[PDB]
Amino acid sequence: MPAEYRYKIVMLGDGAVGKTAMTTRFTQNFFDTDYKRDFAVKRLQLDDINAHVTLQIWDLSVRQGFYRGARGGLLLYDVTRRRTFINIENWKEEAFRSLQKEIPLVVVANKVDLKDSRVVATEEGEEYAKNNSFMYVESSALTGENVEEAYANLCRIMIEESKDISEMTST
């Protein structure tokens, strides 16, 4: 039998960066320009470590309830709009201030299928993530590229932090 984990996570980023589309791709495995949209649920098996994760995936007084109890998040920007890349630091700070602690974040450069209108280079997002010891993923909700991987990476990080805490409480 697999180990069982449960986490609330938050989708962060400016409007129209693809938070809903990424969540829809992850939980329903499709994409629709005309998808009409507080949380979605995903049950995910991680074979490598025989672990089963149940995720509550939250997506935008209200902000404090939005963040409360989150153990991780995806920090999205739209690679075709530099202003959304500039603002990921503001989202990180808002989340950390609301929670009064750091939580693991995976930096997600979304919409990479839009090659001809991309303005934020891969190396810029890698550098921001590296400065914060965040992982970095290039994703497309449209094609599905690396969408599951982004959530899976975050899941594994939260599981390792759960294990860390188990050890700290067991000295």
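Numbers for residues come from their place in the sequence shown, where the first is 1.
The entry shows a gap from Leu60 to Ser61, with 4 to 9 unmodelled residues of the deposited sequence in between. The gap between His52 and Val53 holds no unmodelled residues of the deposited sequence. Once the C-alpha B-factors are averaged per stretch, 62-70 and 113-121 rank with 62-70 first. Of the two segments examined, 135-143 and 40-48, it is 40-48 that shows the higher average Cα temperature factor in the deposited entry. Placement of the Cα temperature factor of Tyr35 within the chain: highest third of the modelled residues, per the deposited record.
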